[PDB]
Amino acid sequence: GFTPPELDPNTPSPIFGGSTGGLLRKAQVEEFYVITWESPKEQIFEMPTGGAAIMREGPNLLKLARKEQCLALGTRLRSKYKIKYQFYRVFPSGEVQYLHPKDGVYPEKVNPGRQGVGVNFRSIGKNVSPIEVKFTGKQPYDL
Amino acid sequence: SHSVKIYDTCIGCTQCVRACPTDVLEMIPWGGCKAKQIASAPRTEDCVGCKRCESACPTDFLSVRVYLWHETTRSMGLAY
Amino acid sequence: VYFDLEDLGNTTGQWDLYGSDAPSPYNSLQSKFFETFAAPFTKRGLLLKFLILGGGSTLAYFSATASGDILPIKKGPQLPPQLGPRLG
Amino acid sequence: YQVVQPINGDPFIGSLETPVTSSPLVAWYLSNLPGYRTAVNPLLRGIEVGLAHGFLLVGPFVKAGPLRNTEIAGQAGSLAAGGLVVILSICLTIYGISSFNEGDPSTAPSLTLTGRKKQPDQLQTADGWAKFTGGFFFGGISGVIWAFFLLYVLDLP
Amino acid sequence: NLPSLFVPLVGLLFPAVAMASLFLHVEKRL
Amino acid sequence: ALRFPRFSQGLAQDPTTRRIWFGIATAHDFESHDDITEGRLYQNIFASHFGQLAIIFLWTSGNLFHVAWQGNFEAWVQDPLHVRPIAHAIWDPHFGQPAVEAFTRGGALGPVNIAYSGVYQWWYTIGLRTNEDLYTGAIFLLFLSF
Amino acid sequence: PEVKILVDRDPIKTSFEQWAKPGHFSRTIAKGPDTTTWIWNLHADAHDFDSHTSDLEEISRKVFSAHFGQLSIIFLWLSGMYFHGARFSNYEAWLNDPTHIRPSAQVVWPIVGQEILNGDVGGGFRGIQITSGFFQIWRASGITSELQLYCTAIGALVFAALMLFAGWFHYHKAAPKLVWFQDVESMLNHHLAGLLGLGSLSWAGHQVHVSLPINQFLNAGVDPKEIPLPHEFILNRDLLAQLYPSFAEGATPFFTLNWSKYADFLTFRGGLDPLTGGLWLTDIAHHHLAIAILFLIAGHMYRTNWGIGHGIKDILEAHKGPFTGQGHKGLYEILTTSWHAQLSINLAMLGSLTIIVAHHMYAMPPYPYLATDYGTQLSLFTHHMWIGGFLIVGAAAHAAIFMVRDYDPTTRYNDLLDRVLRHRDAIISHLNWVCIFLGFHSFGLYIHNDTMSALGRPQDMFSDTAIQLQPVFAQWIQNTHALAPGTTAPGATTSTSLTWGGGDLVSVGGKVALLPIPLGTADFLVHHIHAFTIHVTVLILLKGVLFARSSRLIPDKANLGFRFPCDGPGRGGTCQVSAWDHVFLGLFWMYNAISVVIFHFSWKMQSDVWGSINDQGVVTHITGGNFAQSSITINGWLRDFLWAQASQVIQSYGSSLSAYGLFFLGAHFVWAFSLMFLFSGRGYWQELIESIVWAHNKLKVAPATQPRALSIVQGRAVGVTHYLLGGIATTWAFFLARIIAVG
Ligand code: CLA
Ligand code: CLA
Ligand code: CLA
Ligand code: CLA
Ligand code: CLA
Ligand code: CLA
Ligand code: CLA
Ligand SMILES: CC1=C(C/C=C(\C)CCC[C@H](C)CCC[C@H](C)CCCC(C)C)C(=O)c2ccccc2C1=O
Ligand code: SF4
Ligand code: SF4
Ligand code: SF4
């Protein structure tokens with residue numbers, strides 16, 4: 001059992017002068033992303049989009065344009081610094097969707113509450129020939 | 001979205017998950033190898049199709065497969 | 001605050017940066033002039049038809065009635081036709 | 001003291017504030033162009049835009065055209081500017097037909113730079129866009145006619 | 001005379017109509 | 001489906017410009033279309049074959065018409081070795097006067113293209129002699145296209 | 001902070017043990033090959049020192065000794081040129097009759113039929129005509145006998161040995177400490193004042209004591225064997241005084257500031273000597289003297305051990321403003337840390353310099369009988385253009401390697417760099433737009449002219465006779481240069497260069513040297529082509545640098561390295577996102593730009609400059625002044641330039657120029673050969689190789705080093721390398737055959 005931490009607005013954002021690498025209309029009408037982390041101090045870190053920003057001591061909130069930017073920055077926060085991070089997807093309705101770490105456990109560490117998806121129980125060479133799924137909507141790897 | 005599949009030749013070395021830049025893959029429990037874990041692709045709607053996981057697999061042949069499929073804003077890696 | 005799950009237009013920068021929002025600087029009588037005269041062109045489908053058929057027939061007209069003093073292609077050749085390498 | 005700042009204070013919206021972008025001269029001038037008069041009927045803004053542009057297009061067509069050196073028809077080469085007004089008006093029309101449906105509301109922003117709620121421009125509506133296209137056509141044909149009406153006492157006729 | 005009608009017909013009017021129409025069909029949303 | 005291309009839901013849901021491009025390049029690959037069956041496959045192919053035949057007939061009909069209406073055929077039959085055959089006439093408003101002059105050849109009233117397809121020799125060899133014969137051919141082929 | 005000599009003793013042991021261990025420098029490569037890919041990596045990583053080790057001191061020591069190796073090779077190469085000038089040249093016969101004899105410094109053996117390449121170059125000499133220019137240098141240096149060339153070749157060989165020795169010495173015996181390298185103020189002070197200053201002064205010395213007098217006897221028609229030896233001018237000052245009377249004073253006017261009395265052999269006349277067609281040697285010696293003073297002064301700007309002077313860090317930090325923040329703060333730390341940064345700036349400036357040299361040497365021919373030798377002049381201009389362009393693309397490559405490898409805002413921060421990175425999208429978007437605008441409004445004008453000319457409407461073209469696009473600004477400039485002497489340069493007798501000033505055509509041996517170069521609509525259009533091509537090259541390379549770290553498509557791009565093929569077919573496909581692939585793409589555009597530049601040079605010079613002159617002064621140019629009316633159209637380039645001027649190289653068979661015909665065709669071949677690599681991909685090739693490998697295992701002859709197709713990156717590198725070699729060598733053969741035959 002794991003309860004995703006809710007996104008807390010009014011969480012401070014890093015010190016940064018602005019860049020052309022930030023959000024666009026996509027964030028207004030489609031979706032954007034938010035990564036939060038806890039920092040032990042004020043540090044300089046490389047922004048996945050602009051140049052250099054100053055991570056604030058304590059909780060940090062950072063809105064990014066793509067999920068991959070959140071995961072890249074988080075990978076670095078966990079690597080260069082030793083910082084726990086989470087990030088979420090945010091729709092223009094205000095709805096928030098917690099994304100990562102999905103279990104509260106990082107996905108490279110096996111966690112027992114996890115259900116198999118897209119797992120085929122056979123060697124890859126035992127997939128059927130296309131002719132055997134022709135005119136059916138299926139793909140030989142969907143089995 | 002791109003399809004991503006795991007095959008029971010998987011030995012549970014976790015390298016596909018470590019390589020994935022959008023967090024598509026997880027390690028789930030399993031009894032078929034010594035590491036007692038097998039990969040899984042529960043979030044392929046975020047899959048961008050870069051095949052870093054496939055570059056990371058040590059199994060011959062691969063135990064992750066990325067079948068590039070219907071394109072979306074997320075699969076095309078668009079920030080706009 | 002710059003992040004608010006209640007107002008995302010502000011949160012995602014959805015603003016009118018240079019929109020004036022002021023009232024009309026165009027005085028009336030001028031406005032009513034153009035409102036009554038440009039009114040037939042404010043139906044987009046009708047305007048599309050009027051432009052395609054009007055411009056198309058206009059084109060057909062200036063093409064059919066063109067003079068050789070304007071187009072060499074209507075003027076035609078004015079020189080004695082030359083002779084081919086071996087043939088006519 | 002530094003001249004460049006983030007856009008509207010938010011340093012993670014992808015842009016910057018410069019003398020080019022946010023300046024009283026620039027902000028006033030852009031705010032006083034017809035396209036940015038959000039409360040005005042789009043038909044009138046289309047009239048102004050069409051008048052300006054249609055008037056402008058006459059120059060290059062006449063001076064650079066193929067009949068430019070036959071002053072008998074070279075002056076009358078303004079028909080070409082008229083035709084370009086027709087084509088552009090087609091492009092506008094199909095842009096609105098493609099972009100806006102009948103009963104959809106404006107897609108323009110309904111906020112100001114300072115955060116207060118705004119009423120969105122009707123230009124970004126099907127009816128508002130149709131009105132702006134009719135106005136651009138009328139004003140454009142009219143501007144071409146007005147430029148062609150002046151052939152006299154100009155250093156480059 | 002006829003080429004002065006049909007050359008602009010299929011070289012200007014027809015491409016404009018076809019491009020506009022195909023543009024509409026291609027941008028439609030059901 | 002819901003929009004172009006109607007035969008591919010995966011392409012219509014593409015928000016990028018790719019949707020348009022791949023809609024064009026995949027229009028004839030029937031086996032990859034949504035809800036394809038073998039019957040639909042064969043029937044679409046068959047109809048496409050009739051459409052191709054119609055295109056071919058209409059094309060040859062056009063060649064016939066243009067040789068008859070703008071060409072040298074009757075003059076060419078009398079002197080096969082000294083008449084350059086005429087494909088069709090040139091009406092291009094971009095021509096200067098020198099182009100009107102230099103392309104006017106083959107004993108014609110305006111600029112023309114010399115045909116290098118060899119249809120004059122063929123039609124002459126098989127028995128066609130008059131422009132009238134060529135018109136009968138062209139109308140017959142337009143009929144076959146229909 | 002006390003600058004001093006710092007080294008370490010015996011850091012690396014001199015041994016052949018690692019000669020026998022291929023890939024010793026790399027921990028992976030040293031394990032030897034499991035596949036053929038190993039063999040390529042061994043060569044691609046050999047000079048990538050900062051990939052071998054992370055210790056800055058070791059890297060700096062490798063760099064230093066490597067530079068010694070380079071200088072050794074250069075001295076061996078100069079030894080070759082002087083030795084061939086002494087032993088296998090017609091340089092003395094040419095020295096007698098320069099306007100007739102063709103310079104030749106290579107002779108071929110009669111083995112397989114190739115002796116035909118030993119052509120009639122004059123002076124009773126059979127050989128290959130040389131376009132390097134060494135004869136004009138040696139004449140300008142007062143060199144007369146082959147013996148002097150022998151002595152120079154021996155000295156050059158000795159210096160090759162000394163440089164090589166110093167490389168071994170400073171890598172294996174006394175290897176400087178890292179602080180020694182980072183003493184930037186000392187280095188700049190010694191290269192400004194010591195290297196450039198004392199070099200220029202020394203050369204001024206040789207010129208006033210050797211070059212000037214010996215060239216006076218050459219110009220006066222004296223036989224070179226009868227000319228006094230250069231040291232006889234140093235001993236008996238009466239020889240010089242007869243030639244140059246000022247030498248009777250004893251350098252007393254120098255100390256008494258009577259320097260105007262030296263106006264005899266130190267002059268500001270400018271223009272060209274009408275006998276030799278080269279610049280006045282008095283002006284040149286005076287020039288090297290002035291330069292010597294300027295650099296000797298410039299070498300005292302930087303503080304070292306005596307408190308006076310500048311620290312460069314101070315200067316940087318003081319320079320900041322309201323637009324750039326704290327800018328320049330941090331650059332001293334970057335430029336004393338990253339070799340790739342220094343190499344980037346130095347490649348940029350050295351290549352730009354080489355291009356400037358290319359212009360200045362044609363418009364101001366510095367050596368006697370150089371201007372009228374059109375093969376040498378065309379060869380020099382073209383050569384230095386190529387060197388410059390290559391060097392600049394290199395500058396982009398190493399700016400990118402800095403960004404990927406040495407950039408770290410948490411350690412060595414710079415405000416200017418951060419701000420640039422913070423609006424990279426604006427920069428690249430605007431450069432993109434300018435490139436499109438320039439494409440249309442330079443090349444689209446050519447297409448306009450081709451279409452109007454084909455339609456029979458030459459009055460509707462862009463031409464000096466139709467719609468004129470005059471380069472009014474450049475015309476005004478060259479007018480101002482023409483008016484400069486006596487007005488804004490009262491000391492200057494004539495124009496700065498004969499391309500400026502009207503009249504004063506210079507002819508030597510019936511051939512013209514320089515006359516005023518006209519400018520018109522053709523030159524306008526071409527110049528905007530050059531603007532266009534340069535802007536697109538800059539776009540590709542700068543875009544490569546600024547998005548090497550990251551982008552909206554790939555946020556973690558810097559973790560993939562400087563040189564990587566892609567990040568896969570996803571995100572729509574990500575091939576060629578690496579900064580390396582931006583250098584790859586920019587090489588093609590440097591080739592395009594420089595190609596159009598040298599075609600513009602050959603075309604314009606043969607049309608409006610070079611040619612023969614009558615006894616009564618009627619000039620016939622090699623081509624009939626057809627640049628103005630034929631270059632304003634692409635068809636004119638295809639027909640009146642390529643098709644016309646290629647006749648020599650396709651007609652060279654059976655003559656001594658037939659080697660240029662063979663190289664013409666062969667360079668075409670390797671260029672087309674590159675298209676196999678550039679248009680395909682290694683998956684196909686690896687599968688094919690699977691079948692070939694099957695065939696070898698069938699006969700027990702499959703190798704242990706498993707055959708592999710080239711890497712994606714290597715496919716690209718091979719491709720661009722053969723593309724560039726083929727194109728450049730094709731233009732090489734074309735140019736040399738053309739200008740050797742008709743020049
Ligand atoms: C294949 C069909 C086609 C046809 C029939 C034409 C016809 C013409 N072209 Mg065009 N052109 C074409 C293709 C075509 N072009 C393409 C593909 C390109 C891109 C390379 C160009 C680019 C081009 C250029 C750059 C120019 C021309 C010009 C011309 C005109 C030159 C003859 C002239 O001086 O007349 C008479 C000259 C006039 C100025 C009379 C104007 C004609 C009136 C305005 C017709 C009214 C138009 C109509 C209302 C709207 C049309 C759209 C319609 C479908 C709704 C002529 C009418 C020249 C031109 O138009 O001059 C400015 C010229 O500048 N063409
Ligand atoms: C299908 C073969 C074919 C081809 C390649 C051409 C080619 C050409 N025709 Mg011709 N034409 C054809 C058939 C063809 N024609 C037929 C069957 C007829 C009726 C007998 C005509 C009657 C015709 C006239 C009167 C004129 C031309 C002209 C021209 C030239 C200028 C283009 C033009 O004005 O549009 C073509 C005009 C048409 C009326 C063609 C349509 C006729 C049939 C119904 C074709 C079907 C079109 C259909 C709606 C779309 C199908 C797409 C395609 C496969 C055809 C051009 C070189 C003009 C010319 O000579 O300029 C110098 C001209 O004045 N054509
Ligand atoms: C004279 C004897 C000698 C000996 C036995 C060694 C021994 C050694 N050196 Mg040293 N060194 C020497 C001379 C010598 N060096 C000289 C003269 C220089 C000045 C250039 C250097 C500078 C130097 C550096 C900077 C480095 C070494 C390194 C090394 C060690 C690595 C092994 C190796 O170098 O393989 C190399 C085998 C080769 C054959 C190299 C050939 C390179 C030549 C000079 C290029 C010739 C250019 C060629 C003509 C281009 C035309 C090609 C054309 C035909 C297509 C090794 C123990 C490396 C080290 O420390 O290892 C960790 C190291 O980085 N040496
Ligand atoms: C009787 C002959 C025939 C038939 C019926 C087919 C049938 C088919 N082919 Mg095949 N094929 C053929 C001949 C044929 N082909 C030939 C001659 C070649 C060698 C060129 C090929 C090579 C080939 C490949 C490589 C592929 C197919 C594919 C296909 C399938 C889908 C085609 C499609 O929808 O794309 C639609 C086609 C287009 C939108 C055409 C646009 C692109 C064209 C080439 C550009 C036209 C040139 C240019 C515009 C000329 C104007 C220049 C201007 C300046 C004048 C379809 C079942 C595809 C497939 O489905 O694979 C399973 C596939 O990938 N074909
Ligand atoms: C007036 C003193 C002086 C002079 C003349 C030079 C000259 C040169 N330096 Mg050096 N240097 C100096 C002082 C000097 N340096 C100082 C104070 C520092 C900082 C401590 C550096 C550190 C430095 C580095 C890191 C490098 C150079 C390099 C070079 C060469 C650059 C390429 C070139 O121009 O080739 C032109 C060739 C010539 C002019 C031929 C004459 C060269 C003679 C033989 C050397 C004369 C100066 C020499 C230092 C005297 C010491 C010899 C003695 C100790 C036995 C060049 C020969 C590069 C190099 O090492 O290339 C191998 C390079 O990497 N210099
Ligand atoms: C003094 C200038 C200079 C210096 C010292 C360097 C130094 C370096 N460069 Mg740079 N670079 C330069 C100029 C320079 N470069 C220029 C002018 C360009 C434009 C082309 C580049 C573009 C560039 C790129 C794209 C890359 C480098 C890389 C590197 C590093 C690896 C070198 C290596 O081991 O390759 C080994 C050398 C070879 C394998 C030789 C290859 C043979 C060539 C391709 C053929 C030559 C043809 C020949 C002249 C004519 C035909 C003869 C033939 C028929 C026999 C190294 C530190 C690489 C790197 O990874 O950086 C870390 C890299 O990717 N450079
Ligand atoms: C002759 C071949 C060719 C052509 C035409 C181009 C064209 C272009 N390249 Mg490319 N390139 C080429 C070869 C070519 N390239 C090759 C072989 C490589 C591999 C190394 C590259 C790699 C490359 C890179 C990496 C880049 C470019 C860029 C560009 C663009 C530069 C901006 C510009 O000039 O816009 C203007 C367009 C032109 C000058 C083309 C001609 C325009 C004609 C004359 C106008 C006609 C219009 C007319 C109305 C047509 C309508 C007719 C109607 C029927 C439709 C340009 C469109 C740069 C870019 O993206 O742009 C900034 C860029 O970064 N190229
Ligand atoms: C042709 C081609 C190949 C095949 C080319 C190869 C494998 C080049 C290697 C061939 C040489 C000849 C192998 C060297 C053999 C040894 C030197 C031994 C020779 C024995 C004696 C004669 C010395 C690729 O691998 C490739 C990869 C990526 C993009 C394009 C291409 C590509 O176009
Ligand atoms: S293709 Fe890339 S994004 Fe998709 S699962 Fe594999 S590593 Fe993750
Ligand atoms: S790389 Fe292969 S073996 Fe390793 S965890 Fe992924 S699927 Fe399993
Ligand atoms: S085709 Fe080659 S370069 Fe392109 S994405 Fe795939 S692997 Fe990378």
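Naming convention: chains lettered A, B, ... in sequence-line order (proteins, then strands); numbering from 1 in each chain. Below, all heavy atoms of this structure are taken into account, side chains as well, without hydrogens, waters or symmetry copies.
Put simply, the side chain of G:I613 does not reach to within 4.5 Å of the side chain of G:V618, judged on heavy atoms. In this structure, G:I101 and G:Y91 have side chains that are not in contact, with every pair of non-hydrogen atoms separated by 4.5 Å or more. Residues G:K225 and G:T144 are not in side-chain contact: their nearest non-hydrogen atoms beyond the backbone lie 4.5 Å or more apart. Side-chain contact between G:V596 and G:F601 is absent, with no heavy-atom pair separated by less than 4.5 Å. Counting heavy atoms from C-beta on, the side chains of G:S379 and G:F735 never come closer than 4.5 Å. Contact annotation: the side chain of G:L370 approaches that of G:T376 to within less than 4.5 Å [non-hydrogen atoms, C-beta and beyond]. Taking 4.5 Å as the limit, some side-chain heavy atom of G:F381 sits within range of a side-chain heavy atom of G:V597. Using a 4.5 Å heavy-atom cutoff, the side chains of G:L514 and G:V609 are in contact.
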Expected list for residues 156-166 of chain G: side-chain donor-acceptor pairs under 3.5 angstrom, two or more places apart:
none

Donor-acceptor pairs are to be reported for all side-chain atoms of residues 208-221 of chain G against protein atoms at under 3.5 Å, with residues two or more places apart or in another chain.
| residue | atom | partner | partner atom | Å |
| --- | --- | --- | --- | --- |
| G:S211 | OG | G:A140 | O | 3.1 |
| G:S211 | OG | G:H206 | ND1 | 3.1 |
| G:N215 | ND2 | G:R139 | O | 3.4 |
| G:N215 | ND2 | G:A140 | O | 3.4 |
| G:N215 | ND2 | G:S211 | O | 2.6 |
| G:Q216 | NE2 | G:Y244 | OH | 3.2 |
| G:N219 | ND2 | G:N215 | O | 2.8 |

What side-chain donor-acceptor pairs closer than 3.5 Å can you find for residues 349-366 of chain G, not counting sequence neighbours?
| residue | atom | partner | partner atom | Å |
| --- | --- | --- | --- | --- |
| G:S352 | OG | G:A348 | O | 2.9 |
| G:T354 | OG1 | G:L350 | O | 2.7 |
| G:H359 | ND1 | G:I355 | O | 3.4 |

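In this structure, CD on G:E232 lies 12.5 Å from CG on G:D238, to the nearest 0.5 angstrom. The line from OG of G:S497 to CG of G:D504 is 10.5 Å long, rounded to the nearest 0.5 Å. For the atom pair G:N614 CG and G:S507 OG, the distance stands at 10.5 Å (nearest 0.5 Å). Taking OG1 of G:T382 as the start and CZ of G:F599 as the end, the distance is 9.5 Å to the nearest 0.5 Å.
Between the side chains of G:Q129 and G:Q106, no donor-acceptor pair is found at a separation under 3.5 Å. Side-chain contact check for G:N90 and G:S104: no donor-acceptor pair (N or O, by modelled atom type) lies under 3.5 Å.
For G:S647 against G:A644, the heavy-atom pair with the smallest separation is OG-O, 2.8 Å. The two residues G:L117 and G:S656 make their nearest non-hydrogen contact at CD2-O, 3.4 Å. Between G:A285 and G:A204, the closest heavy-atom pair is O-CB, 4.0 Å. Among all heavy-atom pairs drawn from G:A93 and G:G123, the shortest one is CB-CA, 3.8 Å. Heavy-atom minimum distance, G:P516 versus G:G502: CG-CA, 3.6 Å. Here the shortest heavy-atom pairing between G:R738 and G:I622 reads NH2-CG2, 3.7 Å.
Taking a 6.0 Å sphere around CH2 of G:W77, one finds it holds 12 or fewer heavy atoms contributed by other residues, nucleotides or ligands. Within a 6.0 Å radius of CG in G:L257, more than 12 heavy atoms belonging to other residues, nucleotides or ligands are found. The number of heavy-atom neighbours closer than 6.0 Å to CZ of G:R237, taken from other residues, nucleotides and ligands shown, is above 12. For G:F268, the CZ atom sits in a loose shell: 12 or fewer heavy atoms of surrounding residues, nucleotides or ligands are nearer than 6.0 Å.
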_Test side-chain contact (heavy atoms from CB on, under 4.5 Å) on G:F125 and G:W94; report intermediate values, then the result._
CA-CA 10 Å; G:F125 191 82; G:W94 177 89; over 6 Å; no

_Full working for ring-ring contact (aromatic ring centres under 6.0 Å, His included) between G:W138 and G:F134_ = CA-CA 6 Å; G:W138 299 340; G:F134 279 106; 5.5 Å; yes

*Under the side-chain contact (heavy atoms from CB on, under 4.5 Å) rule, what do G:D373 and G:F135 come out as? Steps first, then yes or no, please.*
CA-CA 11 Å; G:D373 181 5; G:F135 283 23; over 6 Å; no

_Quick one, G:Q478 with G:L519, criterion side-chain contact (heavy atoms from CB on, under 4.5 Å). Give me CA distance, side-chain angles, the key distance, then yes/no._
CA-CA 10 Å; G:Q478 54 183 17; G:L519 293 174; 3.5 Å; yes

*Between G:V742 and G:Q606, does a side-chain contact (heavy atoms from CB on, under 4.5 Å) hold up when you go through it step by step?*
CA-CA 10 Å; G:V742 316; G:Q606 289 178 331; 4.1 Å; yes

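Under the ring pair (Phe, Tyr, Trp, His ring centres under 6.0 Å) criterion, G:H481 pairs with G:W500, not counting sequence neighbours. Residues passing the side-chain contact (heavy atoms from CB on, under 4.5 Å) test with G:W732, sequence neighbours excluded: G:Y660, G:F663, G:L736. Residues passing the ring pair (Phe, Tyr, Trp, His ring centres under 6.0 Å) test with G:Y367, sequence neighbours excluded: none. When the side-chain contact (heavy atoms from CB on, under 4.5 Å) test is applied to G:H621, the partners found at least two apart in sequence or on another chain are G:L515, G:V619. Taking the ring pair (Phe, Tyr, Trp, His ring centres under 6.0 Å) definition, one finds that G:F254 meets it with G:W259, sequence neighbours left out. Residues that satisfy the ring pair (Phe, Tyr, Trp, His ring centres under 6.0 Å) test with G:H600, not counting sequence neighbours, are G:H527, G:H530, G:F627. Remark: G:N479 pairs with G:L483 by the side-chain contact (heavy atoms from CB on, under 4.5 Å) rule, at least two apart or across chains.
Partner of G:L281 under the side-chain contact (heavy atoms from CB on, under 4.5 Å) criterion, out of G:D283, G:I284, G:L279: G:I284 alone. Under the side-chain contact (heavy atoms from CB on, under 4.5 Å) rule, G:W610 has a single partner from G:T623, G:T372, G:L378, which is G:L378.
Under the 3.5 Å distance criterion, the side-chain polar atoms of G:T494 are matched with a main-chain donor or acceptor of G:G271. Between the side chain of G:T480 and the backbone N or O of G:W476 there is at least one donor-acceptor pair closer than 3.5 Å.
Pairs engaging residues 607-628 of chain G under the salt bridge (charged side-chain N to carboxylate O under 4.0 Å, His left out) rule: G:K604-G:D608 [sequence neighbours left out]. For residues 259-281 of chain G, there are no salt bridge (charged side-chain N to carboxylate O under 4.0 Å, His left out) pairs, not counting sequence neighbours.
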